[PDB]
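Heads up: the structure comes next, in structure tokens.
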Amino acid sequence: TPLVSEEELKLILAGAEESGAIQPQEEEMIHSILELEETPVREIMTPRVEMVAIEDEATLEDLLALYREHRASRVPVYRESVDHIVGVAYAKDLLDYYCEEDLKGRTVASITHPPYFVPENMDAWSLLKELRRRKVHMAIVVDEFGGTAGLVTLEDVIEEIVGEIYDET
Amino acid sequence: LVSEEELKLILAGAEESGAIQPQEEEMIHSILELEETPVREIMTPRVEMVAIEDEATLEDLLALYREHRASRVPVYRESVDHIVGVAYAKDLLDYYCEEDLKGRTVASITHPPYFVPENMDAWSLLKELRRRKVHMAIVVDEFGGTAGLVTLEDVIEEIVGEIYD
């Protein structure tokens, strides 16, 4: 019945927290849902200078060594430099070859998944929708000149809703 | 000071005013429904669990991963009704093929389990998973048997919808 703007809705959500009608984390999650459409992926991505990446003609043994050193479960794959991403490799795919053959016998290109590119100013609400329907849960973020701006994952969006939960061990 | 009755009317008013689109309001409703969802309704039941005995070798675990593709595997002692931990398949990458895989068993890499009752709500579960920094819980029945398993992703999918595998 009441005519309610999105601005008013946010203010009422704070009032429901103070009223104890909703728990503080319930309010924060609902508020974060509302902020998704206003959050560009540039603010939640792993930036280019912080991402773990590997060249396409490296071997699965190099990828294994990379995993043991940095813990990155998903690794962008590039040809000449990190500004030319040609796909994405998953550390867990090594388990299909580990101790079954010499990991030096295959290149990373042989297990690479096709990349999904999103611009820096895409909003996190749109990103959530796009990521959910695809079999790869990460996107390569591209700057306004076509270079690599960074990486963003479905997990990164989820964490904006529920907070950080757990990472490594 | 806003009552819980008003909050539900206001979210309804907000969709009808154009403030939020229906998917957004579906997500918000799911958030508010988490405390009324028992883990029993979102868990993988015992009859669909993939589990491994704790004295199986790391080689057995690797073979099981290739057959069934589960990244996290409950670990049990005598039958699946005595879960003693959880094994993470990528931890295998940290062990050498030459002797660790037949020299070690799943018990060498198991993480201690977190047990919850069947009627625990998904809101309480989410908070506990956050506090304990684990992504999985073993759901137990009233008699201490294994009812199933429930994961952080199970809860997330209640909020955002199905995630294509």
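Labels used: A, B, ... for chains in the order of the structure tokens, numbers from 1 for residues in each chain, and numbers from 1 for ligands as shown.
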
Residue hits in chain B, query chain A, radius 7 Å, only C-alpha atoms, as a PyMOL selection string: chain B and resi 1-4+10+13-14+17+19-20+28+66+90+94+97+130+133-134+163-165

Per-residue DSSP, chain A, filtered to strand (DSSP E or B), as a VMD selection string: chain A and resid 40 46 to 47 54 to 55 59 74 to 78 85 to 90 107 113 117 to 119 123 138 to 142 148 to 153

For residue 138 in chain B: contacts at 7 Å, only C-alpha atoms, fewer than 6 positions along chain excluded, given as an NGL selection string: :B and (113-116 or 148-150)

Helix (DSSP H, G or I) per DSSP on the backbone: members of range 21-150 of chain A, as a ChimeraX atom specification: /A:24-38,41-43,48-50,60-70,91-96,103-105,108-111,124-133

Shell around residue 78 in chain B at 12 Å using only C-alpha atoms, local window under 5 positions removed, as number ranges by chain: B: 51-56, 83-84

Include N, CA, C and O atoms and write out the residues we just selected as a tab-separated table (two decimals), in the first residue's frame.
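Written out: out-v4.tsv:
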chain	number	residue	atom	x	y	z
B	51	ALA	N	31.57	-40.24	0.21
B	51	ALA	CA	32.43	-40.23	1.39
B	51	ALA	C	33.49	-41.31	1.23
B	51	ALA	O	33.38	-42.19	0.38
B	52	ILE	N	34.53	-41.24	2.05
B	52	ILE	CA	35.66	-42.15	1.95
B	52	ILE	C	36.10	-42.59	3.35
B	52	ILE	O	36.00	-41.84	4.32
B	53	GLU	N	36.59	-43.84	3.46
B	53	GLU	CA	37.03	-44.35	4.76
B	53	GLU	C	38.35	-43.69	5.16
B	53	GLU	O	39.18	-43.36	4.31
B	54	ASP	N	38.54	-43.47	6.47
B	54	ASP	CA	39.69	-42.65	6.83
B	54	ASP	C	41.03	-43.39	6.69
B	54	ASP	O	42.07	-42.73	6.62
B	55	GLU	N	41.03	-44.71	6.59
B	55	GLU	CA	42.29	-45.40	6.34
B	55	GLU	C	42.55	-45.66	4.86
B	55	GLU	O	43.56	-46.29	4.54
B	56	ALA	N	41.70	-45.19	3.96
B	56	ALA	CA	42.01	-45.25	2.54
B	56	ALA	C	43.26	-44.42	2.24
B	56	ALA	O	43.56	-43.45	2.93
B	83	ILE	N	31.28	-40.04	10.92
B	83	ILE	CA	32.14	-39.10	10.20
B	83	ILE	C	33.18	-38.60	11.18
B	83	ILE	O	32.83	-38.21	12.30
B	84	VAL	N	34.45	-38.62	10.79
B	84	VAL	CA	35.51	-38.12	11.65
B	84	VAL	C	36.24	-36.92	11.07
B	84	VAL	O	37.12	-36.37	11.74
